[PDB]
Amino acid sequence: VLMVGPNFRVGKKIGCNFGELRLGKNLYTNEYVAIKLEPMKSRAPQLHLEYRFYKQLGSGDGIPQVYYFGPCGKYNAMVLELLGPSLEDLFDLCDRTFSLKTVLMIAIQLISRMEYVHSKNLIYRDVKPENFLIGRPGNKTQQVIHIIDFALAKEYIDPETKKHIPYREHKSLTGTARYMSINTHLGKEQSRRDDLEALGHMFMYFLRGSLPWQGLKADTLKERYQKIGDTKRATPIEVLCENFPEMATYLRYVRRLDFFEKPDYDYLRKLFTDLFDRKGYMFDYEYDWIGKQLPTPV
Ligand SMILES: COc1ccc(/N=c2/[nH]c(N)c(C(=O)c3ccc(OC)cc3)s2)cc1
Ligand SMILES: [Cl-]
Ligand SMILES: [Cl-]
Ligand SMILES: [Cl-]
Ligand SMILES: [Cl-]
Ligand SMILES: [Mg+2]
Ligand SMILES: [Mg+2]
């Protein structure tokens with residue numbers, strides 16, 4: 001089908017997706033957009049719930065604008081702001097290490113981004129470099145690290161009672177193993193702490209080039225998650241974060257948060273801004289990838 005909604009032309013498949021993602025164009029405004037498609041026959045629908053989480057988030061810094069949700073042939077479609085490459089794309093472009101300055105510019109932003117999500121009574125639960133995208137130059141947000149992919153989010157404040165969700169265990173594992181928190185591996189209900197811990201793992205991935213549990217395989221997914229969690233538990237923070245004392249402090253702090261506890265986001269930002277200033281860095285958005293040829297759908 002040629003169109004989604006009144007005004008969005010459906011274009012080519014984009015990204016490296018299987019038809020899940022297309023370029024689109026708002027014919028009414030002469031603007032490109034991203035079109036996410038999900039078959040109506042899906043045995044595990046996620047797109048409509050994702051749209052509802054975007055409505056709960058509302059308009060925010062580093063959150064893509066969402067323009068439409070509705071049918072498109074035999075698909076449900078969500079039309080959203082077209083962003084730039086992901087941090088994983090950019091990491092590859094930068095030979096799979098980022099400088100401390102780039103990691104800190106990312107980290108300072110992403111602590112705030114997670115604070116925003118948490119302020120809207122949601123936990124994110126899908127931290128990975130693929131889900132953080134820079135903007136496009138055309139919208140003056142190419143410097144801003146955005147967060148996408150809210151299909152795995154959850155409301156952590158129950159809306160009627162206004163109580164934090166209860167602690168429980170035996171939660172099935174499905175996420176991304178590489179970044180997930182130790183408590184996620186143990187089958188615990190995720191909470192605010194776990195989003196911040198997964199961010200810490202991702203920051204160390206960027207700094208080191210890899211994480212020491214990244215290569216582990218097993219005959220079953222469950223066994224693989226187990227081995228990865230075992231390695232996370234067996235790798236001292238002082239070792240993982242050798243040469244990055246503030247990252248060690250960050251990770252120890254988030255690992256030690258209680259399930260119900262509100263993180264001190266101010267404290268975590270200050271760890272990193274104090275470090276940033278002490279190193280003489282200037283917060284000028286000159287990330288490692290500036291000056292390189294970025295992948296673009298057009
Ligand atoms: C490297 O090629 C591309 C670079 C940037 C790009 N922009 C996007 N903007 C979005 N809002 C996107 C998404 O919502 C999205 C949707 C699905 C998806 O599946 C892996 C990945 C990203 S991709 C899409 C493709
Ligand atoms: Cl445009
Ligand atoms: Cl920010
Ligand atoms: Cl991995
Ligand atoms: Cl600098
Ligand atoms: Mg915006
Ligand atoms: Mg995903």
Side-chain angles (χ1 to χ4, degrees), residues 1 4 8-11 14-17 19 21-25 31-39 42 44-47 50-51 54 62-67 72-73 75-98 102-103 106 110 113 124-139 141-153 174-180 198-199 201-203 205-206 208-211 214-216 221 224 287-292 294-295 297:
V1 307
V4 52
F8 300 102
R9 176 190 71 155
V10 181
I14 61 178
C16 292
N17 298 339
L21 178 64
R22 292 183 172 265
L23 188 57
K25 190 179 187 182
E31 293 167 327
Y32 291 102
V33 295
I35 303 174
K36 193 171 179 166
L37 294 175
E38 179 183 87
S42 173
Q46 293 184 314
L47 194 61
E50 188 178 12
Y51 176 69
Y54 277 113
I63 315 287
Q65 198 165 339
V66 174
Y67 300 114
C72 179
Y75 298 84
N76 292 123
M78 186 167 71
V79 185
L80 65 170
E81 184 180 359
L82 185 66
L83 296 172
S86 74
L87 291 181
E88 185 67 10
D89 296 331
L90 294 163
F91 191 58
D92 282 335
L93 188 63
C94 297
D95 300 318
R96 300 185 61 77
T97 64
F98 288 151
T102 280
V103 174
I106 294 165
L110 293 186
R113 208 72 68 251
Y124 177 62
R125 312 196 303 168
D126 202 20
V127 168
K128 59 177 151 195
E130 293 85 352
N131 287 352
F132 300 106
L133 281 56
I134 61 167
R136 301 168 67 209
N139 297 311
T141 56
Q142 79 290 345
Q143 74 279 16
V144 174
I145 311 306
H146 295 70
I147 184 169
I148 71 167
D149 200 347
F150 283 85
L152 286 176
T174 62
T176 311
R178 195 181 296 167
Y179 311 104
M180 67 179 44
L199 284 176
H201 290 156
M202 186 182 71
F203 303 152
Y205 166 79
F206 290 154
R208 295 160 56 88
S210 62
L211 289 165
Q214 197 170 303
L216 294 160
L221 287 180
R224 178 170 175 276
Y287 301 106
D288 295 341
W289 53 83
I290 294 297
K292 302 190 177 53
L294 311 187

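Values reported hereafter were calculated over all heavy atoms of this structure, with side chains retained and with hydrogens, waters and symmetry mates removed. Counting begins at 1 with the first residue of the sequence.
Within the 3.5 Å criterion, the main-chain N or O of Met180 finds a donor-acceptor partner in the side chain of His201. Between the side chain of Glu38 and the backbone N or O of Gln46, at least one donor-acceptor pair lies under 3.5 Å. The closest donor-acceptor contact from the side chain of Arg22 to the backbone of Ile35 lies at 3.5 Å or more, if one exists at all. At distances below 3.5 Å, at least one donor-acceptor pair connects side-chain atoms of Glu81 with backbone N or O atoms of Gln65. For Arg113 (side chain) and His146 (main-chain N/O), no donor-acceptor pair under 3.5 Å exists by modelled atom type.
Under the 30°/60° scheme for interplanar angles, the aromatic rings of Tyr124 and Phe132 are found to be tilted.
Contact check for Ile147 versus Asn131: no side-chain heavy atoms found under the 4.5 Å cut-off. Looking only at side-chain heavy atoms (C-beta outward), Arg96 and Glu88 come within less than 4.5 Å of each other. Here the side chains of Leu47 and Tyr75 are not in contact, with every heavy-atom distance at 4.5 Å or above. A 4.5 Å side-chain heavy-atom check between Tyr51 and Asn76 finds every atom pair outside the cut-off. Put simply, the side chain of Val127 does not reach to within 4.5 Å of the side chain of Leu110, judged on heavy atoms. By the 4.5 Å heavy-atom criterion applied to side chains, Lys36 and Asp149 are counted as neighbours. In this structure, the side chains of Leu87 and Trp289 come closer than 4.5 Å at one or more pairs of heavy atoms. Inter-residue side-chain proximity for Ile14 and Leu82 is flagged as met; some heavy-atom pair is nearer than 4.5 Å.
Summarising the geometry, atom CD belonging to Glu130 is positioned 11.5 Å from atom SG belonging to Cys16; distances are rounded to the nearest 0.5 Å. In this structure, the separation between CZ on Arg136 and CD on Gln142 is 11.0 Å, given to the nearest 0.5 Å. For the atom pair CG (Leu152) and NZ (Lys128), the distance works out to 8.0 Å, reported to the nearest 0.5 Å. Rounding to the nearest 0.5 Å gives a distance of 6.5 Å between CD1 of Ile290 and CD1 of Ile134. Atom OH of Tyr179 and atom CD of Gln214 lie 6.5 Å apart (nearest 0.5 Å).
Heavy atoms only, all atoms of each residue included: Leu37 and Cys72 are closest at CD2-CB, 4.4 Å. Here the closest heavy-atom approach between residue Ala34 and residue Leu21 is recorded as CB-CD1, 4.2 Å.
Of the options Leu83, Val144, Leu90, a side-chain contact (heavy atoms from CB on, under 4.5 Å) to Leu133 is made by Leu83 and by none of the others. Paired with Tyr205 under the rule side-chain contact (heavy atoms from CB on, under 4.5 Å), one option of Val103, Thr97, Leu211 passes, and it is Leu211. When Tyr287, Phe206, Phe203 are each tested for a ring pair (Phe, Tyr, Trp, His ring centres under 6.0 Å) with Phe91, only one passes: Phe206.
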